[PDB]
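Down below is the structure, laid out as structure tokens.
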Amino acid sequence: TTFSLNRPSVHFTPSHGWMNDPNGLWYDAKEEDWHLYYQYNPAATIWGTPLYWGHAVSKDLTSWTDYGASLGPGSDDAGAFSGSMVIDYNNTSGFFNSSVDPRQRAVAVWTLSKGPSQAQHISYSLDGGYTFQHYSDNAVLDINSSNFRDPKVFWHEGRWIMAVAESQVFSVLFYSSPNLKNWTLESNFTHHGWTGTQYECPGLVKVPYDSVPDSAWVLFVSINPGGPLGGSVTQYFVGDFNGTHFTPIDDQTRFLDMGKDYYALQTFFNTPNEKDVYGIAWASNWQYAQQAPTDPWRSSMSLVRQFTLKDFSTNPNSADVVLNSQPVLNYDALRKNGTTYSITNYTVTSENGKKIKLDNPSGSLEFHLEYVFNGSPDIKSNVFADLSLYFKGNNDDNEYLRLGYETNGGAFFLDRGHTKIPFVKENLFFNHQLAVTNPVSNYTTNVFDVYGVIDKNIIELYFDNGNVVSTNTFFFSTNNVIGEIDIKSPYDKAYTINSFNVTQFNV
Amino acid sequence: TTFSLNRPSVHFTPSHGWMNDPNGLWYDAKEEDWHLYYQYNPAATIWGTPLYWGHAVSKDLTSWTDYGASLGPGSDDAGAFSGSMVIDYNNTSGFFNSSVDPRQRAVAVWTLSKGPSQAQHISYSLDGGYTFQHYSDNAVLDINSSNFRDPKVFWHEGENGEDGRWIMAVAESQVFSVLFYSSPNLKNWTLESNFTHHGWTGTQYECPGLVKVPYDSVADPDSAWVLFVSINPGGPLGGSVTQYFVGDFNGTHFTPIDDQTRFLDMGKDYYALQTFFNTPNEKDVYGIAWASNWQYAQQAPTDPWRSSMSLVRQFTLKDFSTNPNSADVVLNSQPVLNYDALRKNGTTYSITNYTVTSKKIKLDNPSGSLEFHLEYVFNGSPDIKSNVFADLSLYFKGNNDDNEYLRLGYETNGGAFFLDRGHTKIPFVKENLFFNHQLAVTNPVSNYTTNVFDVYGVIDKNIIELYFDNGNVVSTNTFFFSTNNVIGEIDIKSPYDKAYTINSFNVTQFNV
Ligand SMILES: *[C@@H]1O[C@H](CO)[C@@H](O[C@@H]2O[C@H](CO)[C@@H](O)[C@H](O)[C@H]2NC(C)=O)[C@H](O)[C@H]1NC(C)=O
Ligand SMILES: *[C@@H]1O[C@H](CO)[C@@H](O[C@@H]2O[C@H](CO)[C@@H](O)[C@H](O)[C@H]2NC(C)=O)[C@H](O)[C@H]1NC(C)=O
Ligand SMILES: [Mg+2]
Numbered sequence: 033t034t035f036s037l038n039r040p041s042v043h044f045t046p047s048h049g050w051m052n053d054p055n056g057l058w059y060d061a062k063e064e065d066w067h068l069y070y071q072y073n074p075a076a077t078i079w080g081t082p083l084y085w086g087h088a089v090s091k092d093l094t095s096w097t098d099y100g101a102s103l104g105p106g107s108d109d110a111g112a113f114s115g116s117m118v119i120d121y122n123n124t125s126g127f128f129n130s131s132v133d134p135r136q137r138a139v140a141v142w143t144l145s146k147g148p149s150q151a152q153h154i155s156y157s158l159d160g161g162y163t164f165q166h167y168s169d170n171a172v173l174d175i176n177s178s179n180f181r182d183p184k185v186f187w188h189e196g197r198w199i200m201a202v203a204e205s206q207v208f209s210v211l212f213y214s215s216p217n218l219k220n221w222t223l224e225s226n227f228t229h230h231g232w233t234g235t236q237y238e239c240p241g242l243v244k245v246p247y248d249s250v262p263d264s265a266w267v268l269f270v271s272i273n274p275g276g277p278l279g280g281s282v283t284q285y286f287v288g289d290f291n292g293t294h295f296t297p298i299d300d301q302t303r304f305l306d307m308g309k310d311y312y313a314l315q316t317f318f319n320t321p322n323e324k325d326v327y328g329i330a331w332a333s334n335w336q337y338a339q340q341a342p343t344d345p346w347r348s349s350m351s352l353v354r355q356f357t358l359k360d361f362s363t364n365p366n367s368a369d370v371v372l373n374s375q376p377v378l379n380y381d382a383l384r385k386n387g388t389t390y391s392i393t394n395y396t397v398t399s400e401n402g403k404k405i406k407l408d409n410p411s412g413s414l415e416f417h418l419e420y421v422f423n424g425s426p427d428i429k430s431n432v433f434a435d436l437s438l439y440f441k442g443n444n445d446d447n448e449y450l451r452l453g454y455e456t457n458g459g460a461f462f463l464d465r466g467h468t469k470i471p472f473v474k475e476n477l478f479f480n481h482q483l484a485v486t487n488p489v490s491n492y493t494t495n496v497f498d499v500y501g502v503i504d505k506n507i508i509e510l511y512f513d514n515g516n517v518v519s520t521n522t523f524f525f526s527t528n529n530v531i532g533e534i535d536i537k538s539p540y541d542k543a544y545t546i547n548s549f550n551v552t553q554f555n556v
Numbered sequence: 033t034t035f036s037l038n039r040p041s042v043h044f045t046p047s048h049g050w051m052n053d054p055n056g057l058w059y060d061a062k063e064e065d066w067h068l069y070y071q072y073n074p075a076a077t078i079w080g081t082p083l084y085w086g087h088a089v090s091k092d093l094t095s096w097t098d099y100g101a102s103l104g105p106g107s108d109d110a111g112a113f114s115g116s117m118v119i120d121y122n123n124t125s126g127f128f129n130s131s132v133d134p135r136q137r138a139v140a141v142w143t144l145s146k147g148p149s150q151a152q153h154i155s156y157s158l159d160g161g162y163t164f165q166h167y168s169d170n171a172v173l174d175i176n177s178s179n180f181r182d183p184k185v186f187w188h189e190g191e192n193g194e195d196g197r198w199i200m201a202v203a204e205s206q207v208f209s210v211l212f213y214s215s216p217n218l219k220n221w222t223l224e225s226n227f228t229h230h231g232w233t234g235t236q237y238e239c240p241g242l243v244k245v246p247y248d249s250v251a252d262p263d264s265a266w267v268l269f270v271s272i273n274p275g276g277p278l279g280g281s282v283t284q285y286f287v288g289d290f291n292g293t294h295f296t297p298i299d300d301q302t303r304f305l306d307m308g309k310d311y312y313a314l315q316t317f318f319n320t321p322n323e324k325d326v327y328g329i330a331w332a333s334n335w336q337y338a339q340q341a342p343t344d345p346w347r348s349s350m351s352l353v354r355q356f357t358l359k360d361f362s363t364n365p366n367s368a369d370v371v372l373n374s375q376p377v378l379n380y381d382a383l384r385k386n387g388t389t390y391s392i393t394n395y396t397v398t399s403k404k405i406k407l408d409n410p411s412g413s414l415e416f417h418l419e420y421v422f423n424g425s426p427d428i429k430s431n432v433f434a435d436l437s438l439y440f441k442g443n444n445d446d447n448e449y450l451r452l453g454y455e456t457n458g459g460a461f462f463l464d465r466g467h468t469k470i471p472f473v474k475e476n477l478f479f480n481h482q483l484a485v486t487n488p489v490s491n492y493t494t495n496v497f498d499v500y501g502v503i504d505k506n507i508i509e510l511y512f513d514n515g516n517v518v519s520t521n522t523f524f525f526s527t528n529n530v531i532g533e534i535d536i537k538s539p540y541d542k543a544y545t546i547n548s549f550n551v552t553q554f555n556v
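Protein chains in written order, with PDB author numbering: chain A, 33 to 189, 196 to 250, 262 to 556; chain B, 33 to 252, 262 to 399, 403 to 556.
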């Protein structure tokens, strides 16, 4: 009842220490292992030097083995700031004698921050990405810059292309290299979208496109500080990449996530089928991430997501384009081992009150919800006319997430202030109220689809099969856990729930 | 305890009924009268039809006389939606005999919304903007659309010997389009360009307006063009929002200088900004906005009026960037009030060289309307690290009940300014979950070697505006105290002593 010592079970967290950004994401196809590195301060639960890349491995992006610090700066003064991994199949670096399986030639491209210089180094691994050896005595790219970070490198066919943030000038620099050693400047993408205070963590990616062409390039650009809710946010651009220059199709601003706690998204260098685009993000915000009431670890990661470009618009009378997000979890094992509750053709009304009590609550559930607004004569514009689901919890049912929809605001809401944890009341950037403008799925029926995941301190809401997504953290009291889901509305028969599956995860 | 009956004193509110976006703003240079029109329902405090244009007049953009319903749709079901006003000096409309002063030849260009149709009509006034007459018993720009609204018109002086034209900016809303039509005579219109899918599209483009704005260049021209586009639904905070683009107008096309997204106001309750057709200086650009959010506006706890307007602001383009290592360009906003009259009819307070340690201000004969200025700086402290809330807060408490208060300040770990507007007894503020309690803005320093933050606030009963870095950043929000409970005391607090230093703090209550 001062800290919130409930730890996620399907979002990766460090065993201990401060975790702050996904790094070196790659997939080892011989061992069938997913590798997730992260910025890590092992000494404490706030950002500090020396900063390493923590390292964790998963068979299924659901269960993580955290091996702790792996890649390091080389002195207490410095940081192994963010960066990426690549698989040098053809041995362009020349680091790899025949004895290293081509599928495991992991080379890491990363920012050294020391004093006033941020410059990019490379370090190859000769043990499948568990330890690393620094290439030479020096960096491979130094521009006498203090803000020069977050290299994300891919193979373009062919050369290596690097995207780096010259953060303070709002620039993604693009650099090419034959061998990962000699880098030459190629184009300077600058002053696009929502600029905030800095550009951080760029990553350029080719993404499938389910039309109604085959693919499209996408540039991710993270922003901190200066995001529209406060602090950090992640935006993206849709366009094409000519080998040197990135050209956005349009002049639109697009956020990946409409919640306050989603930042520093990075994509896996590779996936098993070599087409799908997966990526993960740090699940917090820089305004309050180091004061989060968790111990002995601090930051959490989001779920992995699959990104595909879809034709979509926010109303039925126009045409636009949007990055759909589908969640990647091991749902076979999670749903087999877990207990499901459900509702159908339920017209919400005070007389027929309905609720779901969860047997042996675990704090980790998913749900699909399908609802419609029937309207009522008694609803008009000067009343709050909401369909609320209170996710109440087992030991203190005064701590709850309140989530739902209201006509007169035409939107979905998340209330995350109802908790005894002091932090949520004391830190004034942890907003109680969050909103998302969720489209219907079918404009002749006006059916709303929400799919959500709850894991102890974090909730992710995917609207309209993943066209809109909102990720936020909550903090219940310790060992308080969601055990009752309660359905309410002050207007009888005003709403109707077609479908409402819950599935508690037993973990 | 349920309804917050405190009416704003320097912001415009109708006598009674529901008020919505600003419309037909112009300046009468003959009588020196500012004319404001508003989306209006007099029959209730919620939107409904028939919607009229309410009319207000003011000498100083500070005190307004409300004249009620002036422009109407002519039918019960229908609605007289947003539009703008032009002064047809050289009588290009063919409506004005010479007994009508040129400075007074007022033509309203507005949207008629009736059943499934939304089309642009024009009406005109022969008594300087109080009564109006519809022209032709038909629209002047129809495109059988259901989402075709909010025409904002200005005059484009032709160069070389080309005559010059009226330019209309309209919203083809659902397709995120500002269409630019020209006309010689405000009657026959022709499509010139289709500005589409820019910035923050949200759900709909609404209330567009093209303007040319002075430019204070201190970089490495004289003017630049600005395009205002309002978005609702789909603002990032939820509901409504106003963005702007910076660029050039070549006579048919607006062309932005980048693909940046710039919000005019970072608060939750600043929407549908319209600029005045004309100003006294013929070069300054003034704008007014509707001070609420569509998500909760028709639920606000006020009677017998529902919406308020913001202060008029003076918009000027300056060189600005959010860090000291880059260049960019920003729309600076500068409040426009009758400060001479207000401050001299009113009571001042000061505080200097103050370093915060475990001071309060009692306002004498509280009026509830006040301005304040604040310069502060952060000093550091052994006891402040990344895992604490090290805030400098200012609690504007209430006289009758002081458990209702605004809490605004800065915090170092979040590097940003906050406003907490939840602390009140008014049920609406707890019941409506779209009425955010906590608002934030990433306010810059005003000098990067002194690290001094500058903040100018205006707090009229139930509405607060904040300007940062001399108006490079603005955040506007409504708040609701109990009936007859205006701001009485401001207490300055910080949990870390000597961490912050308030160099200046000039409060000035308005006795209006
Ligand atoms: C202005 O441009 C927009 C966007 O290109 C046009 O919008 C299209 O309108 C039709 C209906 O007539 C829709 O079915 C399309 O989906 C819209 N396109 C897009 C991209 O959203 C609009 O018609 C244009 N208006 C004029 C007057 O030219
Ligand atoms: C990439 O483009 C940006 C944008 O023009 C360049 O930014 C300038 O950098 C200097 C110092 O390096 C600053 O004083 C200027 O203010 C920056 N300009 C702007 C508009 O912010 C940047 O230098 C370019 N970098 C490379 C490597 O080409
Ligand atoms: Mg309207």
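Every residue, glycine too, gets a C-beta built ideally from N, C-alpha and C.
- Under the 8 Å criterion on CB atoms, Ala-543/B is classed as non-interfacial with respect to chain A.
- For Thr-233/A, the closest Cβ of chain B is nearer than 8 Å.
- Collapsing the DSSP output to three states places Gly-501/A in a strand.
- At a threshold of 7 Å, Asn-52/A does not count as near ligand 1, since its beta carbon sits no closer than that to any of the ligand's heavy atoms.
- Taken from the Cβ of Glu-224/A, every heavy atom of ligand 2 lies 7 Å or farther away.
- Listed in chain order, the positions of the stretch 446-477 of chain B with a beta carbon within less than 9 Å of a beta carbon of chain A are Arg-451, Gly-453, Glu-455, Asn-457, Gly-458, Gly-459, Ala-460, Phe-462, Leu-463, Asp-464, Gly-466, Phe-472, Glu-475, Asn-476, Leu-477.
- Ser-425/B has its Cβ no nearer than 7 Å to any heavy atom of ligand 3.
- Considering only beta carbons, the part of the stretch 62-92 of chain A lying closer than 8 Å to chain B consists of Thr-77, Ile-78, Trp-79, in chain order.
- For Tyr-72/B, the closest of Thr-398/B, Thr-45/B, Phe-212/B, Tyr-84/B by C-alpha to C-alpha distance is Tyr-84/B.
- Taking a Cβ-Cβ threshold of 8 Å, the residues of chain A close to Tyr-337/B are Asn-457, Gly-458, in chain order.
- For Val-556/B, the closest of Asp-310/B, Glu-448/B, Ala-382/B, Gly-501/B by C-alpha to C-alpha distance is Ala-382/B.
- Between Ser-490/A and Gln-206/B, the C-beta gap is not smaller than 8 Å, which leaves the two residues out of contact.
- In the same chain as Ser-47/A, and ignoring 5 residues on each side of it, the C-beta atoms closer than 6 Å to its own belong to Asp-98, in chain order.
- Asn-521/A has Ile-508/A as its beta-bridge partners, per DSSP.
- Burial of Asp-182/A is indicated by the presence of at least 16 other C-beta atoms within 10 angstroms of its C-beta.
- Shortest gap from the CB of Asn-409/A to any heavy atom of ligand 1: 7 Å or more.
- Around the beta-carbon of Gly-147/B, fewer than 16 other beta-carbon atoms lie within 10 Å, marking it exposed.
- Put simply, the CB of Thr-486/B is near chain A, with a gap under 8 Å to one of its CB atoms.
- Contact with chain A is found for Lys-429/B, since one of that chain's Cβ atoms lies less than 8 Å from the residue's Cβ.
- Excluding the 5 residues flanking it on each side, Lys-537/B has same chain C-beta neighbours closer than 6 Å at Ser-437, in chain order.
- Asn-226/B has a beta carbon lying at 8 Å or more from every beta carbon in chain A.
- Distances from the CB of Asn-366/B to the heavy atoms of ligand 2 include at least one below 7 Å.
- Secondary structure in the stretch 327-386 of chain B: the alpha helix (DSSP H) runs of 4 residues or longer, each lying completely within the stretch, are 380-385 in chain order.
- Going by DSSP, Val-243/A is part of the beta strand (DSSP E) stretching over 237-248.
- With respect to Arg-137/B, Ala-61/B sits apart: the two C-beta atoms are not nearer than 8 Å.
- Among the CB atoms of chain A, one or more fall inside 8 Å of the CB of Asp-369/B.
- Your pair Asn-170/A and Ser-114/A does not check out as a contact, with CB atoms roughly 20 Å apart and the cut at 8 Å.
- Between ligand 2 and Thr-228/A, a heavy atom-to-CB distance of less than 7 Å is present.
- Residue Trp-187/B holds the alpha-carbon nearest to the alpha-carbon of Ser-125/B among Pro-82/B, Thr-45/B, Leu-103/B, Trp-187/B.
- Not one heavy atom of ligand 2 lies closer than 7 Å to the C-beta of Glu-323/B.
- Taking the beta carbon of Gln-340/B as reference, the chain A residues within 8 Å of it are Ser-430, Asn-431, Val-432, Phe-433, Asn-457, listed in sequence order.
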